[PDB]
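There are 2 protein chains.
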Amino acid sequence: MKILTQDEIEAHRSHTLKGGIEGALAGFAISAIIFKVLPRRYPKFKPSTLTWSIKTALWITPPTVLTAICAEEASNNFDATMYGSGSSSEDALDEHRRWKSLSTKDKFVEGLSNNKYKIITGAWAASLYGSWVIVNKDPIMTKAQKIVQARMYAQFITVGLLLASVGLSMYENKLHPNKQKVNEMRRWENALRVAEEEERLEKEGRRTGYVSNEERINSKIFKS
Amino acid sequence: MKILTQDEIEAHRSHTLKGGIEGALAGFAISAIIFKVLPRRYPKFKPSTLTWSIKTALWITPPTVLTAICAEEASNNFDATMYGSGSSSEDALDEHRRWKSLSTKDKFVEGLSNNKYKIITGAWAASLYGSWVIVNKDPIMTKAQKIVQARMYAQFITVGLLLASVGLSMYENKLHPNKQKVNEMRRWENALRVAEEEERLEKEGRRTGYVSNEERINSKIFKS
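Protein sequence lines correspond, in order, to chains L and X.
Going by UniProt numbering, the first residue of the first sequence is number 1, and it counts up by one from there.
Going by UniProt numbering, the first residue of the second sequence is number 1, and it counts up by one from there.
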């Protein structure tokens, strides 16, 4: 019946929202450019069906992240009131509340830091094509080992997307986005099957061999 | 007309709640019995990986079908705990829902038919082991080749589960604006990735050349 509100201060990432549209256009450019780095020099990589899978999970993130902008344009009316004197009385007390914080920078670390991480991630991708041209001193060896070696670093740089992804859904949990902890795990248990499935090819798949691999046996039996 | 009674003065769809709980305890029996039929005759194991996945999606289906019981026990009961208000359009709206039917017997086809389909489905499972006990072949052929033949009927008998599934989540959309559904396509596009992935192994498996050539190998060893 008589209950006041608690911390009902209307304030969100409206400042970063402007960048939300700039990131949507960048996702379409780097999306196709990253896949060309390898196939750019060579004609057609036989194992190109691998890089083709990740390209599917990248199209679902950019169109959904937009949900942060539509939530702001709908929540607080952008055309509420411009800047003018008039007779303000309710907003007058809004200033007495910040007199206890005395820290306006609190909102600055939210935008300023974003511009930094924004570029730190873009350079984290080009490191793959720049690592080949800048340096490349390898003798005649099975180039395939490099194709399956990429998996190693990938499995790691990949989790950076999953972890940062769930944290976005668990945040909305505050008000009432859904109910009963469920569904969420759909992407953790599902990514596990498509992952463990690739192993059946490493154990059942027949590997190759050469004159150097057979010579390594002499050093193995040497153990006594 | 002296209150002779008979058995029950009601036949609402809720009458199915009785079998709803009987199914939860029933799967526990067919669950392990169906998996033993094949490995029971085989003195050794091997294809336990293909059978371990199909059994995973079956554990989450039965615990969710219960959503129909907890919904009927609350709905007809006190839905709004605190004093919300009173009756809503559900009273005047029931007028259009009452014309949908014509006779009271219409409620009998709801249960009387459920018992019929309840048996026709139980015989579709045992048909695989009862088909082997028959034993009617003097000569013997490659067994591993038959292990991949089941994939011709399975994928078909499986779709019977997917269709009946979305039909349950799509029916709620009728009168339920609140608590919308997450994303039905979540599973279709997902069931396709884990599916097409199984083909990558069929392209590498090059044991036989063709169905007619496989039988020609018997005469090939005869000629020199």
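By construction, the Cβ of each residue, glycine as well, lies at the ideal position given by its N, Cα and C atoms.
- Query: Can a CB atom of chain L be found closer than 8 Å to the CB of X/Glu-199?
  - Reply: no
- Task: Would you check if there are 3 or more beta carbon pairs closer than 8 Å linking the stretch 124-131 of chain X to the stretch 194-203 of chain X?
- Result: No: fewer than three Cβ pairs fall under 8 Å.
- Item | Euclidean distance between Cα positions of L/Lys-143 and L/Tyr-210 | 13 Å
- Query: Just how far apart, CA to CA, sit residue 245 of chain X and L/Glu-204?
  - Reply: Past the boundaries of the shown model lies residue 245 of chain X; chain X is included only from 1 to 224, so the question cannot be answered.
- Query: On the premise that L/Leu-66 lies in contact with L/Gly-20, defined as a C-beta separation below 8 Å, what is that separation, rounded to the nearest angstrom?
  - Reply: In this structure, L/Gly-20 and L/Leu-66 form a Cβ contact; the two beta carbons are roughly 7 Å apart against a cut-off of 8 Å.
- Message: Just to confirm the assignment, what range does the alpha helix (DSSP H) spanning L/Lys-107 have?
- Response: Note, L/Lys-107: alpha helix (DSSP H), 105-133.
- Task: Can you give me, in chain order, the residues of the stretch 174-186 of chain X that have a beta carbon less than 9 Å from any beta carbon in chain L?
- Result: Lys-179, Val-182, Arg-186
- Item | Run of the alpha helix (DSSP H) containing X/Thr-158, from where it starts to where it stops | Run containing X/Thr-158: 150-172, per the alpha helix (DSSP H) assignment.
- Task: Determine the DSSP secondary structure at L/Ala-26, reduced to helix, strand or coil.
- Result: Looking at L/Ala-26 - three-state DSSP - the assignment turns out to be helix.
- For X/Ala-191 versus X/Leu-162, is the C-beta distance shorter than 8 Å? yes
- Among L/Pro-177, L/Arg-207, L/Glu-110, L/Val-166, which one has its Cα closest to the Cα of L/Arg-187? L/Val-166
- Please confirm if L/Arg-193 has its CB atom under 8 Å from at least one CB of chain X. yes
- Task: Tell me where the alpha helix (DSSP H) around X/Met-185 begins and ends.
- Result: 185-204 is the span of the alpha helix (DSSP H), which, as asked, contains X/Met-185.
- Task: Compare the C-beta of L/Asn-190 with all C-beta atoms of chain X and state if any pair is closer than 8 Å.
- Result: yes
- Query: Comparing alpha-carbon positions, which option in L/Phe-108, L/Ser-31, L/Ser-212 lies nearest L/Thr-61?
  - Reply: L/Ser-31
- Message: For a quick check, are the C-beta atoms of X/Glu-189 and X/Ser-169 less than 8 Å apart?
- Response: no
- Item | Alpha carbon of X/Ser-113 to alpha carbon of X/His-176, nearest angstrom | Looking at the two C-alpha atoms, the distance is approximately 27 Å.
- Task: Measure how close the beta-carbons of X/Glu-110 and X/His-15 come, nearest whole angstrom, since I'm counting them as under 8 Å.
- Result: Indeed, because the Cβ distance is near 7 Å, the residues count as touching under 8 Å.
- 8 Å Cβ cutoff met for X/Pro-47 and X/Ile-147: yes
- Item | Integer Cβ distance of X/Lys-179 from L/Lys-179, believed to fall under 8 Å | About 7 Å separates the CB atoms of X/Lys-179 and L/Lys-179; that is less than 8 Å, so the two are in contact.
- Query: Looking at C-alpha atoms only, which residue of X/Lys-55, X/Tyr-171, X/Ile-9 is the closest neighbour of X/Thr-158?
  - Reply: X/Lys-55
- Item | For L/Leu-93, the first and last residue of its enclosing alpha helix (DSSP H) | Where L/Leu-93 is concerned, the enclosing alpha helix (DSSP H) starts and stops at 90-98.
- Using beta-carbon positions only, say whether X/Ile-69 and X/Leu-17 come within less than 8 Å of one another. yes
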